[PDB]
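Student: Take a look at the following structure, please.
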Amino acid sequence: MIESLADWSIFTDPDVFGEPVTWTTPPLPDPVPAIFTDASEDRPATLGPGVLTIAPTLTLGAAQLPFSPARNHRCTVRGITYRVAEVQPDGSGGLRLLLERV
Amino acid sequence: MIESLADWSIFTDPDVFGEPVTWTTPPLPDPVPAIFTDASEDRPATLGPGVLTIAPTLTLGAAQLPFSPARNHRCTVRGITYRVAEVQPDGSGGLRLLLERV
Amino acid sequence: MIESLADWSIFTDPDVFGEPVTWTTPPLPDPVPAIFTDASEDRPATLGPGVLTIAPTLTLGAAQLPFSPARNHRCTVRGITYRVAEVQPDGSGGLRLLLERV
Amino acid sequence: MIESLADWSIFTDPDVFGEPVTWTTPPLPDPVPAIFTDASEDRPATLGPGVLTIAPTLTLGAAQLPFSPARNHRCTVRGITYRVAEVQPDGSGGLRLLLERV
Amino acid sequence: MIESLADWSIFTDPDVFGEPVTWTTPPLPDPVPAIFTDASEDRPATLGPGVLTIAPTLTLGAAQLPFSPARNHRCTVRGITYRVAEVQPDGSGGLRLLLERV
Amino acid sequence: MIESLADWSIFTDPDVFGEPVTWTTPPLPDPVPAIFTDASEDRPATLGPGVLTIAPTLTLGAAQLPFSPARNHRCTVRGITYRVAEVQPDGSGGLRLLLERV
Amino acid sequence: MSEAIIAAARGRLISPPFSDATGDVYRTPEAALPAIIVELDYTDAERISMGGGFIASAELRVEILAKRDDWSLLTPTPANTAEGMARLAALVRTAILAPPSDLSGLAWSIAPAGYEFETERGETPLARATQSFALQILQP
Amino acid sequence: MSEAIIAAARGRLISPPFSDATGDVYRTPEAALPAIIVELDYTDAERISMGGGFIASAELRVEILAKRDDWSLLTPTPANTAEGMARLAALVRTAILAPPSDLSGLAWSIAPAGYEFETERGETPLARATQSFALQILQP
Amino acid sequence: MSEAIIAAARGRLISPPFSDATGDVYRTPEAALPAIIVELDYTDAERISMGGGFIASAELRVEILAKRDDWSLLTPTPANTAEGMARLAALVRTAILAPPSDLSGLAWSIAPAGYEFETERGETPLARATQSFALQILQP
Amino acid sequence: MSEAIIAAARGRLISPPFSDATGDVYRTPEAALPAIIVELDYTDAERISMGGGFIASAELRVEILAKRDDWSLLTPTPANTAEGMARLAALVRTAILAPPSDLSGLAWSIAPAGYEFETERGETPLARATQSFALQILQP
Amino acid sequence: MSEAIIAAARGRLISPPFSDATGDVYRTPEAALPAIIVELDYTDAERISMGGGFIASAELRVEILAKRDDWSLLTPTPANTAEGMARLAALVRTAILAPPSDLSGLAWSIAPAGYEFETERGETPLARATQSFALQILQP
Amino acid sequence: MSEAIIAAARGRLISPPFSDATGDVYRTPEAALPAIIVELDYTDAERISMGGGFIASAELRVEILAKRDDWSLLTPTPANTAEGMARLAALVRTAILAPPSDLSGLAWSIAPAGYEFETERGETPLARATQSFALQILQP
């Protein structure tokens, strides 16, 4: 648990890798930095070739986060609204979120 | 077997990686340090997408431990009670425990 | 996002690895460099041994690209026309295109 | 074959990684060094979750032994009797034994 | 494409790894060097144990090659005739050929 | 092909790794060195647990070998007769033999 | 008409005090410990009458995921998976296979095609129960 | 005659306001959120009459991929996969299984062989629906 | 009624002197060397009478895991898996397939659907035995 | 007699203007874009008469691989896999299932056992079509 | 009664001069080159009479593993797997399917369900032979 | 009696000028380009008469592996796998299914159960042919 503040600040470092996001949910004031990663995901179709869909996730410092790490919360990245669809612990107190686009 | 005491003390080192836990079972007095690790585990459902469940385990120095490495014992980590559901040897005399949440 | 211009310029570097291509679609003036990679792909046949087909792709700096990263666009590599069949994000803002030969 | 004596001696060095064992069967009259390794073993059940069983394999210098590497022999490790259930060559003249607990 | 001539000359280097071959097809005069590699291939039989067959291939510098990289051409390695059964691009302009023995 | 003599002599080096063997077939006079490797092979049984069988092979320098690299030849390793059951090229001119025990 | 039958099911299975979510891929929650989901599944088919009609063979699958006191409503040992799953299932069976006609009518036969209890190892133990009900519905 | 039946299908399924692409391997788009594809599939066969004729057993598979408001045309909760898929499917079923004779004639029987709803986790949620229709067509 | 049948089984199989645990995922112990577990499994079904009734086809699976002297109660060579498994199984078969009516009644037929002996290599040797019993139970 | 039937097929399918290669493992070319291959496959069998005779159940599989204008001979949209495959297949079906007696005689029944269109993603798009024809041939 | 039938088998197959071990997981020896193992396997079942009885369908599997001169007892070429396996098997078949009544009685039918020869590549060549014998035994 | 039937086969298939090896695991040669192997396989069984008899359902599998001029004995294009395999197979079929009584008698029916040609890519091309012949043999 030594990492705490330092660790969270370091990666988040804006304009290095941390893209600032704000939780449009009022539970969070004061913009937070987090790592945004999206890639291509190929989803198959039983008969079809499939469709190339895209999935974006936020990796954040959970311990740093105040408020509630909670599903169904509302957040926005770069001005696009995302409902926090899912959260899962990696056990470092650094959780990964999955954000619905809508 | 050279490692014994030294090895157990080193990792356990509190506030480095060892989170102190106490066995609420009276067989153990005097708080013990152990490594707590939990992560996300995806458990599937035959028809369903699945559910994201979480599993936490304690890695401890078995040799160091006095008393009994025994299933059904009672222990608490960070004030939350855990029954020691399972124990399995890694053969280093460093066993891993699995702790039920209840 | 630090890489932006520098990163795109470096790899594209003509005659190093970047083969200049031009988007015959009028949306793009001013020739662009991109990495052309093609290899052998073995496509099977249910009863047959299969056929050795070839697939060529362009790896480009998406952020650098102005205009539209869009499917159905027209582009030519080394004087051979390619319709941009597919595009998929690797999440670096460096997308990979797949170009139909026709 | 160059290693021979040297190789056998060094690993088994007592209190480093060689736990001395005595063969219960009388053919060997001298305490013999070897490497004891046991770990969690997964033995499933067709319908059941399974059972966590254990196994202990001895690794010894086969060329070092002056007497029959033979199944059905009797040996004891740390005062617990083990029948030598199985032996298999790794081809280094360093064979691994599997010892039944009984 | 920087490698071109240099790259092809270097590997081909006779008596290092490049075994000179000549295309008995008249389209090619002036002996060419290429890397000859053959190994054992186990081909199975549905009921049978299988048969150990051997497959030999030539790795050559395609760009260096003049004439035509074409199937059905005739070539000989070390005085044994080979029809060029198949050719497939690795995309480096270094293609690999498969040569029928006959 | 640069390795030829040197390469074969080096590994074979007696009492390093090369165990001298002689081809009891009269086609070969003058003892030859080769690398003998045997390990445990588990062969299964459809209903049974299986049987631990052992397979020994000789790795030799084929190019160095005069006479004939031929199946059905007779050879002996350490005074035990082996029919050369199988030979397969690794393509280095260093072939591996499989020797029947009988 | 899947929607209507699913709607009947939606009304019929909403009664246990917990939300029912069907076909939500992204969702895989542990917060909703007691879990219910109803699926209309597939419909195979054959002709009816001369001059027009169709009927279908259809399967409805009901799945329940649960932990802790949800099992322990009344009787002891519902932690045992079998007792717990059965305890929830039989009542569920009666819910869907209830006497009301509307529920029965679009469904025609409501026979239990299959039953199961399954075990997944979470801190809190989670167990899956399946209750296939076969309904033959006239194609509209 | 697959082309003709496929052509009838092509006319019959082009009505939803979105393009239908069949058998395009390279294509796997997400831009065309509402998605339709019709496949004539396979034809097994048996003799007709004495002196000549053949008939086939054939399967037509219709697949729909969708996200968001495409589900939400009118009624609430079409985000629920089952309701949404059913909502599009039943009308599709009527489209193909329509009264017009030409569509019916080359098809003979038009029974729904199977139905399904499937879930793939994309940002926008994508769901796959299959509507197998069995048509027996006389071999020309 | 699985719980009741399982309860009958619970009473009927608790007699061997060792605990029976059913569906405990987390648990996989070696300390409880003699091991027993009973599963009600699945129920398929068909209609009864005109005006109402249902019956089910059901399978009950009994599994035994054992080591050492548990095999060696009396006769020699029960270490041999077959003899040992049979020795425990036949009595178990009689336990469940016993004469008492209550046990028999909810069960109707109690035929042995299947039998098996299995081998897993632990220091102490562990062997698995399965005794499927098919019971047809009227759905309540 | 596979060779003879294959020979009839060889004559019957050589007409499309492109070479037909059967069972060439090493060969997997893309240069021969329009592709045809005919396989006699397997023969199962039963007795004929008393005193001697044998007959076989046999399957003939025809496969076509194609790209670009080969699909586009006349009608529009043969790029669509289904139309294109059907377009080549029906004529092929007539070729093999032709009126000439010799072709028909050794073949007896020539029914289409199966049909398929398949998609593989090459720069030029390649599509596979299968036309199983079942021929029962008297064993010589 | 598996133990008794296995015991009969144990007596009946102990005659070849080598030990028979059944279900020993840990054991996988090559020292016992000639190898024999007999398994009672599974028993499916049906009712007998009115008022009580049960009968079972049961399979007995016999497996033989061998190398070298064990094959070469008398005739030449028993190294050939087929001849060697057959040579041991037929006599084994007669052993189990022998005339003595006790062996036959608990077994009722003793038909050979299946036969096989298998090849595993050891220095000494090892070959596996299976001789399934189907015995229907009245459940005690 | 597998050995005898195999012996008949051994005599019957030794005629092609190349050695036949059956069940040699270690052996997998390419030097013996033309390759033949005969397997007696499995025997299922049923009772004969009242008072004693048994009969078996048995399969004999013949496999041929070949390259180059072995295919090209006379007619052109035997490189084509189908023609080549058929060319060797039909004569082989006649060899085993020959008129001589001894060969026919222990075999009873000699029908071709199956046929196949297979392709493996070696420098010299190797092709596998299977000729299952079903023989019902009275158990001695």
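Labeling convention for the structure tokens: chains A, B, ... as they appear, residues from 1 per chain, ligands from 1 in order of appearance.
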Please give chain F as a CSV table (one decimal) with C-alpha atoms, in the first residue's frame, after it has been superposed on chain A by least squares over all Cα atoms paired in order.
Tutor:
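That gives us result.csv:
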chain,number,residue,atom,x,y,z
F,1,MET,CA,0.0,0.0,0.0
F,2,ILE,CA,3.1,2.1,-0.1
F,3,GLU,CA,2.3,3.4,-3.5
F,4,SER,CA,-1.0,5.2,-2.6
F,5,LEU,CA,-0.8,8.9,-3.5
F,6,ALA,CA,2.5,8.8,-5.3
F,7,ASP,CA,1.5,6.0,-7.6
F,8,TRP,CA,-1.7,7.4,-8.5
F,9,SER,CA,-0.3,10.8,-9.2
F,10,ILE,CA,2.5,9.5,-11.3
F,11,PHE,CA,0.6,7.6,-13.9
F,12,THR,CA,-2.3,10.0,-14.0
F,13,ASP,CA,0.1,12.8,-14.8
F,14,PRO,CA,-1.9,14.9,-17.3
F,15,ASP,CA,-0.7,15.0,-20.9
F,16,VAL,CA,1.6,12.1,-20.2
F,17,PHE,CA,-0.9,9.3,-20.2
F,18,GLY,CA,-3.7,10.5,-18.1
F,19,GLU,CA,-6.7,11.9,-19.9
F,20,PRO,CA,-8.7,14.0,-17.4
F,21,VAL,CA,-12.3,12.9,-17.1
F,22,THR,CA,-15.1,14.3,-14.9
F,23,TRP,CA,-17.8,12.3,-13.2
F,24,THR,CA,-20.9,14.0,-14.4
F,25,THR,CA,-22.5,12.3,-11.4
F,26,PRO,CA,-22.7,15.1,-8.8
F,27,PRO,CA,-21.1,12.7,-6.3
F,28,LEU,CA,-17.7,13.8,-7.8
F,29,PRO,CA,-16.6,17.4,-8.0
F,30,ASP,CA,-13.0,18.4,-9.0
F,31,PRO,CA,-11.9,16.6,-12.3
F,32,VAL,CA,-10.0,13.3,-12.1
F,33,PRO,CA,-7.3,11.9,-14.3
F,34,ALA,CA,-7.5,8.3,-15.5
F,35,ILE,CA,-5.9,6.2,-18.3
F,36,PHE,CA,-8.2,5.8,-21.3
F,37,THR,CA,-7.7,2.7,-23.4
F,38,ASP,CA,-9.9,1.5,-26.3
F,39,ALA,CA,-9.1,-1.0,-29.0
F,40,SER,CA,-10.8,-3.0,-31.6
F,41,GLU,CA,-12.8,-6.0,-30.5
F,42,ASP,CA,-14.0,-8.5,-32.9
F,43,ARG,CA,-17.4,-9.8,-32.0
F,44,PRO,CA,-18.5,-12.8,-33.8
F,45,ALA,CA,-21.8,-13.8,-35.3
F,46,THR,CA,-22.8,-17.4,-35.4
F,47,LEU,CA,-23.3,-17.4,-39.2
F,48,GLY,CA,-21.8,-14.1,-40.0
F,49,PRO,CA,-18.2,-13.1,-40.5
F,50,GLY,CA,-18.7,-10.9,-37.4
F,51,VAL,CA,-18.6,-7.2,-36.7
F,52,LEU,CA,-15.7,-5.1,-35.6
F,53,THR,CA,-16.9,-3.4,-32.5
F,54,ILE,CA,-14.9,-1.2,-30.1
F,55,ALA,CA,-14.5,-1.3,-26.3
F,56,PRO,CA,-13.2,1.5,-24.2
F,57,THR,CA,-12.0,1.2,-20.6
F,58,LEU,CA,-10.7,3.5,-17.9
F,59,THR,CA,-7.9,2.4,-15.6
F,60,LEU,CA,-7.9,4.5,-12.5
F,61,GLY,CA,-6.4,4.6,-9.1
F,62,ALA,CA,-9.3,3.3,-7.0
F,63,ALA,CA,-7.8,4.1,-3.6
F,64,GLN,CA,-7.2,7.7,-4.7
F,65,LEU,CA,-10.8,7.9,-5.8
F,66,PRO,CA,-13.0,9.3,-3.1
F,67,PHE,CA,-16.8,9.0,-3.4
F,68,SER,CA,-18.0,5.6,-4.6
F,69,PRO,CA,-16.5,3.1,-7.0
F,70,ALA,CA,-19.9,2.2,-8.1
F,71,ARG,CA,-21.7,0.8,-11.1
F,72,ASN,CA,-24.5,2.9,-12.7
F,73,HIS,CA,-22.6,6.1,-12.0
F,74,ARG,CA,-22.3,8.7,-14.7
F,75,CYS,CA,-19.0,9.9,-16.1
F,76,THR,CA,-17.8,11.7,-19.2
F,77,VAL,CA,-14.5,11.3,-21.1
F,78,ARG,CA,-13.5,14.1,-23.5
F,79,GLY,CA,-17.0,15.5,-23.5
F,80,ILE,CA,-18.7,12.2,-24.4
F,81,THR,CA,-21.0,10.7,-21.7
F,82,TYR,CA,-20.4,7.2,-20.4
F,83,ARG,CA,-22.3,5.3,-17.9
F,84,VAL,CA,-20.0,3.2,-15.8
F,85,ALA,CA,-21.1,-0.2,-16.9
F,86,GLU,CA,-18.7,-2.4,-14.9
F,87,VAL,CA,-15.9,-2.3,-12.5
F,88,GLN,CA,-13.5,-5.1,-11.6
F,89,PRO,CA,-10.6,-5.3,-9.0
F,90,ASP,CA,-7.1,-6.1,-10.2
F,91,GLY,CA,-6.3,-6.2,-6.5
F,92,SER,CA,-3.8,-3.4,-6.5
F,93,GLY,CA,-6.5,-1.0,-5.4
F,94,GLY,CA,-6.2,-0.1,-9.0
F,95,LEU,CA,-9.5,-1.1,-10.6
F,96,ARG,CA,-10.5,-1.1,-14.1
F,97,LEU,CA,-13.8,0.4,-15.3
F,98,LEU,CA,-15.8,-0.3,-18.4
F,99,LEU,CA,-17.8,2.6,-19.6
F,100,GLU,CA,-21.0,2.3,-21.7
F,101,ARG,CA,-21.3,4.8,-24.6
F,102,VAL,CA,-24.6,6.5,-24.3
Student: Using only C-alpha atoms, find each residue of chain G with at least one atom at most 10 Å away from an atom of chain D; report its shortest atom-to-atom pair and that distance in Å (one decimal), sort the rows by chain and rising residue number, and return the result as a tab-separated table.
Tutor:
residue	atom	partner	partner_atom	distance
G:119	CA	D:49	CA	8.3
G:120	CA	D:49	CA	9.2
G:121	CA	D:49	CA	9.3
Student: Kindly export the residues of the current selection with N, CA and C atoms, as an mmCIF file, in the first residue's frame.
Tutor:
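For reference, again.cif as written:
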data_model
loop_
_atom_site.group_PDB
_atom_site.id
_atom_site.type_symbol
_atom_site.label_atom_id
_atom_site.label_comp_id
_atom_site.auth_asym_id
_atom_site.auth_seq_id
_atom_site.Cartn_x
_atom_site.Cartn_y
_atom_site.Cartn_z
ATOM 1 N N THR G 119 -22.713 -25.174 -9.270
ATOM 2 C CA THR G 119 -21.881 -24.561 -8.246
ATOM 3 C C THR G 119 -20.686 -23.779 -8.776
ATOM 4 N N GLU G 120 -20.597 -22.497 -8.429
ATOM 5 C CA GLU G 120 -19.444 -21.684 -8.824
ATOM 6 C C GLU G 120 -18.796 -21.175 -7.547
ATOM 7 N N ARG G 121 -17.472 -21.257 -7.439
ATOM 8 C CA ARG G 121 -16.827 -20.885 -6.173
ATOM 9 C C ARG G 121 -16.546 -19.408 -5.964
#
Student: Name the residues in contact with residue 125 in chain J at a cut-off of 8 Å, using only C-alpha atoms, excluding same-chain residues fewer than 6 positions from it; report them as a ChimeraX atom specification.
Tutor: /H:25-26 /J:66-68,119
Student: Which neighbours of residue 108 in chain K fall inside 10 Å, counting only C-alpha atoms, when residues of the same chain fewer than 5 positions from it are skipped, and could you give them as a PyMOL selection string?
Tutor: chain K and resi 101-103+134-138
Student: Okay, now the selection with N, CA, C and O atoms, as a PDB file, in the first residue's frame?
Tutor:
ATOM      1  N   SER K 101     -20.278 -73.778 -15.415  1.00  0.00           N
ATOM      2  CA  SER K 101     -21.520 -73.092 -15.093  1.00  0.00           C
ATOM      3  C   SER K 101     -21.424 -71.913 -14.167  1.00  0.00           C
ATOM      4  O   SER K 101     -22.126 -70.946 -14.363  1.00  0.00           O
ATOM      5  N   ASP K 102     -20.599 -71.982 -13.137  1.00  0.00           N
ATOM      6  CA  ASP K 102     -20.594 -70.886 -12.185  1.00  0.00           C
ATOM      7  C   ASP K 102     -20.181 -69.638 -12.913  1.00  0.00           C
ATOM      8  O   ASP K 102     -20.804 -68.590 -12.761  1.00  0.00           O
ATOM      9  N   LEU K 103     -19.155 -69.754 -13.744  1.00  0.00           N
ATOM     10  CA  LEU K 103     -18.667 -68.599 -14.468  1.00  0.00           C
ATOM     11  C   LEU K 103     -19.759 -68.103 -15.389  1.00  0.00           C
ATOM     12  O   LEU K 103     -20.037 -66.908 -15.441  1.00  0.00           O
ATOM     13  N   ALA K 134     -20.096 -58.905 -22.924  1.00  0.00           N
ATOM     14  CA  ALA K 134     -21.284 -58.339 -22.326  1.00  0.00           C
ATOM     15  C   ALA K 134     -21.977 -59.390 -21.502  1.00  0.00           C
ATOM     16  O   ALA K 134     -22.357 -60.435 -22.019  1.00  0.00           O
ATOM     17  N   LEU K 135     -22.146 -59.112 -20.218  1.00  0.00           N
ATOM     18  CA  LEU K 135     -22.803 -60.052 -19.329  1.00  0.00           C
ATOM     19  C   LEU K 135     -24.022 -59.392 -18.729  1.00  0.00           C
ATOM     20  O   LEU K 135     -23.936 -58.287 -18.220  1.00  0.00           O
ATOM     21  N   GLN K 136     -25.166 -60.058 -18.775  1.00  0.00           N
ATOM     22  CA  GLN K 136     -26.333 -59.487 -18.126  1.00  0.00           C
ATOM     23  C   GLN K 136     -26.496 -60.212 -16.821  1.00  0.00           C
ATOM     24  O   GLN K 136     -26.647 -61.424 -16.782  1.00  0.00           O
ATOM     25  N   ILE K 137     -26.456 -59.466 -15.737  1.00  0.00           N
ATOM     26  CA  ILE K 137     -26.516 -60.104 -14.441  1.00  0.00           C
ATOM     27  C   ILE K 137     -27.756 -59.656 -13.683  1.00  0.00           C
ATOM     28  O   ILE K 137     -28.122 -58.478 -13.707  1.00  0.00           O
ATOM     29  N   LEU K 138     -28.454 -60.605 -13.077  1.00  0.00           N
ATOM     30  CA  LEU K 138     -29.611 -60.245 -12.294  1.00  0.00           C
ATOM     31  C   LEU K 138     -29.092 -59.495 -11.114  1.00  0.00           C
ATOM     32  O   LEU K 138     -28.148 -59.942 -10.469  1.00  0.00           O
TER      33      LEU K 138
END
Student: Per residue of chain H within 8 Å of chain G, record the nearest atom pair and its distance in Å to one decimal, counting only C-alpha atoms, with rows in chain order and ascending residue number, as a Markdown table.
Tutor:
| residue | atom | partner | partner_atom | distance |
| --- | --- | --- | --- | --- |
| H:80 | CA | G:22 | CA | 6.4 |
| H:81 | CA | G:23 | CA | 5.4 |
| H:82 | CA | G:3 | CA | 7.0 |
| H:83 | CA | G:3 | CA | 5.1 |
| H:86 | CA | G:2 | CA | 6.1 |
| H:87 | CA | G:3 | CA | 7.3 |
| H:90 | CA | G:1 | CA | 7.6 |
| H:111 | CA | G:45 | CA | 6.1 |
| H:112 | CA | G:45 | CA | 5.6 |
| H:113 | CA | G:44 | CA | 4.8 |
| H:114 | CA | G:44 | CA | 4.9 |
| H:115 | CA | G:42 | CA | 4.6 |
| H:116 | CA | G:42 | CA | 5.5 |
| H:117 | CA | G:41 | CA | 7.2 |
| H:118 | CA | G:23 | CA | 7.5 |
| H:119 | CA | G:25 | CA | 5.6 |
| H:120 | CA | G:25 | CA | 6.1 |
| H:121 | CA | G:25 | CA | 5.2 |
| H:122 | CA | G:26 | CA | 7.9 |
| H:125 | CA | G:25 | CA | 7.7 |
Student: Print the selection's residues with N, CA and C atoms to a file, as a PDB file, in the first residue's frame.
Tutor:
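Result written to selection.pdb:
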ATOM      1  N   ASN H  80     -34.165  -4.485 -23.711  1.00  0.00           N
ATOM      2  CA  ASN H  80     -34.153  -5.862 -23.271  1.00  0.00           C
ATOM      3  C   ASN H  80     -34.011  -6.612 -24.556  1.00  0.00           C
ATOM      4  N   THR H  81     -33.068  -7.530 -24.594  1.00  0.00           N
ATOM      5  CA  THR H  81     -32.796  -8.199 -25.840  1.00  0.00           C
ATOM      6  C   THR H  81     -33.983  -8.957 -26.333  1.00  0.00           C
ATOM      7  N   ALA H  82     -34.656  -9.663 -25.448  1.00  0.00           N
ATOM      8  CA  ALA H  82     -35.724 -10.502 -25.937  1.00  0.00           C
ATOM      9  C   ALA H  82     -36.831  -9.708 -26.596  1.00  0.00           C
ATOM     10  N   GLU H  83     -37.261  -8.629 -25.957  1.00  0.00           N
ATOM     11  CA  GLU H  83     -38.358  -7.855 -26.510  1.00  0.00           C
ATOM     12  C   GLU H  83     -37.931  -7.239 -27.815  1.00  0.00           C
ATOM     13  N   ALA H  86     -37.599  -9.840 -30.610  1.00  0.00           N
ATOM     14  CA  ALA H  86     -38.920 -10.309 -30.991  1.00  0.00           C
ATOM     15  C   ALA H  86     -39.633  -9.246 -31.780  1.00  0.00           C
ATOM     16  N   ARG H  87     -39.460  -8.001 -31.375  1.00  0.00           N
ATOM     17  CA  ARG H  87     -40.183  -6.941 -32.038  1.00  0.00           C
ATOM     18  C   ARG H  87     -39.805  -6.861 -33.504  1.00  0.00           C
ATOM     19  N   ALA H  90     -40.854 -10.614 -35.454  1.00  0.00           N
ATOM     20  CA  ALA H  90     -42.199 -11.015 -35.833  1.00  0.00           C
ATOM     21  C   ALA H  90     -42.624 -10.352 -37.127  1.00  0.00           C
ATOM     22  N   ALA H 111     -42.258 -22.417 -42.991  1.00  0.00           N
ATOM     23  CA  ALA H 111     -42.442 -22.590 -41.564  1.00  0.00           C
ATOM     24  C   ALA H 111     -41.245 -22.064 -40.780  1.00  0.00           C
ATOM     25  N   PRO H 112     -41.469 -21.497 -39.568  1.00  0.00           N
ATOM     26  CA  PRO H 112     -40.254 -21.063 -38.883  1.00  0.00           C
ATOM     27  C   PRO H 112     -39.544 -22.230 -38.244  1.00  0.00           C
ATOM     28  N   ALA H 113     -38.420 -22.628 -38.821  1.00  0.00           N
ATOM     29  CA  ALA H 113     -37.641 -23.723 -38.265  1.00  0.00           C
ATOM     30  C   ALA H 113     -37.056 -23.412 -36.886  1.00  0.00           C
ATOM     31  N   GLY H 114     -36.563 -22.193 -36.686  1.00  0.00           N
ATOM     32  CA  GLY H 114     -35.949 -21.846 -35.414  1.00  0.00           C
ATOM     33  C   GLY H 114     -35.949 -20.368 -35.099  1.00  0.00           C
ATOM     34  N   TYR H 115     -35.709 -20.016 -33.840  1.00  0.00           N
ATOM     35  CA  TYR H 115     -35.621 -18.609 -33.460  1.00  0.00           C
ATOM     36  C   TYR H 115     -34.537 -18.436 -32.402  1.00  0.00           C
ATOM     37  N   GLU H 116     -33.843 -17.298 -32.383  1.00  0.00           N
ATOM     38  CA  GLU H 116     -32.858 -17.057 -31.338  1.00  0.00           C
ATOM     39  C   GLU H 116     -32.516 -15.602 -31.080  1.00  0.00           C
ATOM     40  N   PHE H 117     -32.071 -15.268 -29.871  1.00  0.00           N
ATOM     41  CA  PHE H 117     -31.595 -13.913 -29.576  1.00  0.00           C
ATOM     42  C   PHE H 117     -30.231 -14.104 -28.957  1.00  0.00           C
ATOM     43  N   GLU H 118     -29.258 -13.293 -29.340  1.00  0.00           N
ATOM     44  CA  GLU H 118     -27.917 -13.503 -28.829  1.00  0.00           C
ATOM     45  C   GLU H 118     -27.305 -12.213 -28.374  1.00  0.00           C
ATOM     46  N   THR H 119     -26.333 -12.294 -27.474  1.00  0.00           N
ATOM     47  CA  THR H 119     -25.770 -11.086 -26.893  1.00  0.00           C
ATOM     48  C   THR H 119     -24.259 -10.950 -27.038  1.00  0.00           C
ATOM     49  N   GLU H 120     -23.803  -9.862 -27.654  1.00  0.00           N
ATOM     50  CA  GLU H 120     -22.366  -9.605 -27.771  1.00  0.00           C
ATOM     51  C   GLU H 120     -22.092  -8.274 -27.089  1.00  0.00           C
ATOM     52  N   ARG H 121     -21.052  -8.196 -26.261  1.00  0.00           N
ATOM     53  CA  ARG H 121     -20.831  -6.962 -25.496  1.00  0.00           C
ATOM     54  C   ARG H 121     -20.085  -5.847 -26.209  1.00  0.00           C
ATOM     55  N   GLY H 122     -20.739  -5.018 -27.035  1.00  0.00           N
ATOM     56  CA  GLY H 122     -20.065  -3.820 -27.607  1.00  0.00           C
ATOM     57  C   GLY H 122     -20.435  -2.525 -26.836  1.00  0.00           C
ATOM     58  N   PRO H 125     -24.521  -1.861 -27.318  1.00  0.00           N
ATOM     59  CA  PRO H 125     -24.823  -3.282 -27.227  1.00  0.00           C
ATOM     60  C   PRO H 125     -25.345  -3.832 -28.539  1.00  0.00           C
TER      61      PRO H 125
END
Student: Please return, as a VMD selection string, all residues of range 9-139 of chain K that DSSP assigns to strand (DSSP E) on the basis of the backbone.
Tutor: chain K and resid 35 to 39 43 to 47 54 to 66 111 to 120 126 to 135
Student: What is the distance between CA of residue 133 in chain K and CA of residue 16 in chain K, in Å to one decimal?
Tutor: 18.4 Å
Student: Please compute the CA of residue 35 in chain K-CA of residue 64 in chain K distance, one decimal, in Å.
Tutor: 5.3 Å
